[PDB]
Amino acid sequence: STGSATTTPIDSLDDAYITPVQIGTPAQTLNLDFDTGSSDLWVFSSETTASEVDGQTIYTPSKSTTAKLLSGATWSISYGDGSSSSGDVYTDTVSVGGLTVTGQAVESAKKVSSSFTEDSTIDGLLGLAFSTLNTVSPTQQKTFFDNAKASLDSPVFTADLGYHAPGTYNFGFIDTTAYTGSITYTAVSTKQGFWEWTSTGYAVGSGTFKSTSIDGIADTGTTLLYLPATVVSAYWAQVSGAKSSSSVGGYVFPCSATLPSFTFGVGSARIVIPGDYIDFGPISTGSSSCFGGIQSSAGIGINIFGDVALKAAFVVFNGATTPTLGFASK
């Protein structure tokens, strides 16, 4: 089997991407944030504290003839941005782009933190990291991809995120029309539960490539590119007036600037992020200070190849017995 679904930016900055997901019988379609940095499929629901729902579409398990309470199971997750959610668990039929999994754990939110409430466009998350990170207790649950894997034509999914435009998540096949050149595959460590890999270096603009190992994670659920402070300083030094602002929370730059590109290495291959992809717009409405899309990971503990980086590539998440990542230009 295969599936193919379009993923759409939630706003004009590509702050996140939403993908429609069919849950239950008859289908209830919710727009979920596909997140290769976590491993829970959780949704706003009829169980979510009413004051914490503000415009989201909710899953109502009592209206699904295939929903079953997973008795005793609870979940609770905290994300790198400080947001969180928790609740109980149903199993139900979940379909993405024509690919159906029966008995998928659908984690129903009883509580969500303010940032989720405040984002009316995201109805939940669909985790695509390794199932060892799933938070369901006392019986850990499998991701949608893990459940689908055996049925797929090939044990892979691909992320093809758009810049200020829709893109595609495919399951079970590699669309050879969706990228240019060849796909370069690179090793993955699953030891932390992530799609963790080592970039071979970087360049800023037309500058020379610096060969240096950068371990990090391919994370579709993180907006920006978070790299070591040395790398980030080298990038922003090429932008007149750019500075790290403690009060704003990262590098800002004059909105009048033209940003240089940023290249990252995948083996001997190179992925070029155009400068425009690094512009996240005014820090507040009407400001002439703009927020940068490349930020330091120094306070995180891990480097994160988030959407800024991934949207410059066609990315293969290869879930074979030994997982690997593939990157192609597009």
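Chain A is numbered as in Swiss-Prot; the shown residues are, in order, 90-419.
Heads up, header says this was done by X-ray crystallography, 1.1 Å.
Cβ from N, Cα, C; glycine included.
Features of the protein shown, as given by Swiss-Prot:
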type	residues	note
DOMAIN	106-417	domain 'Peptidase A1'
ACT_SITE	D124	active site
ACT_SITE	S288	active site
DISULFID	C344-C379	disulfide bond
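Known features from Swiss-Prot, placed on the structure.
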residue: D124; record: active site; CB count, 10 Å: 21
residue: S288; record: active site; CB count, 10 Å: 22
residue: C344; record: disulfide bond; CB count, 10 Å: 15
residue: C379; record: disulfide bond; CB count, 10 Å: 22
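Between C344 (disulfide bond) and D124 (active site), the C-alpha separation comes to 30 Å.
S288 (active site) and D124 (active site) have their C-alpha atoms 20 Å apart, to the nearest angstrom. Counting in whole angstrom, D124 (active site) lies 26 from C379 (disulfide bond) by their C-alpha atoms.
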